[PDB]
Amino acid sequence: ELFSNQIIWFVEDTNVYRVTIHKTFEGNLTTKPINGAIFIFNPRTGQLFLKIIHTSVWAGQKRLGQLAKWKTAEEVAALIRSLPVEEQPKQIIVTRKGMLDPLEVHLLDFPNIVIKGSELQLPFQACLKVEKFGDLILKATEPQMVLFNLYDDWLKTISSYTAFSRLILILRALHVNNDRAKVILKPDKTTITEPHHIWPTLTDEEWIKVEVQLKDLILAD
């Protein structure tokens, strides 16, 4: 299913429409949008397309929470249209059911694309908690798309299946307990993340220990 000769994308829209809320000195609530992002992820290759959503897009309308699902689908279709046919996904998987109808309507010109929902817990949006992504999104002054490889150099020595499993444990651990996940991921004073990598450089033994610890963190909360 997931890693065969078939391009698959996971699409995550949770962090597209984001706001900060503040109680003013007068006792009222101000709600100000902040920049968001769509995560579009290929589990076989590790490719992430990060579409930064700048707050200027929101200016007109109410129910921005609903509108964001539509905006997400619009941007997925725009990405597909910008790619040669051979690079277009065969399947698009969303773990948020709210994305199903908007995607169906936006992708009517792509009859080969299958859209399905998922009950999986795949918090790709947790990438915001990694400083590289967080600052990038925060500081953007306009929409843009940025490419990343979320598996770093792992595929040189492990399968796509193994790499995906490691990534999901990392994201889920960051989602549930950010502070503790970051400690687990830095087992030594000398632990570094290369400038061009997302995740730390760890030995195989260190990864084994990390993977068990992240799993236990996820079970604990």
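In case it trips you up, residue 1 is the first one in the sequence shown, and so on.
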Per the entry, higher mean C-alpha B factor between 193-201 and 13-21: 193-201
Selected stretch [higher average CA B-factor]: 3-11 or 211-219: 3-11
Maximum C-alpha temperature factor, selected from 162, 157, 56, 42: 56
Largest Cα B-factor, entry values, listed residues 97, 106, 90, 129: 129
Residue 71 CA temperature factor, ranked by third within the chain: lowest
Residue 133 by Cα B-factor - lowest, middle or highest third of the modelled chain: highest
Third of the chain's Cα B-factor distribution that residue 122 belongs to, per the entry: middle
Within-chain third of residue 50 by Cα B-factor, per the entry: lowest
Within-chain third of residue 64 by Cα B-factor, per the entry: highest
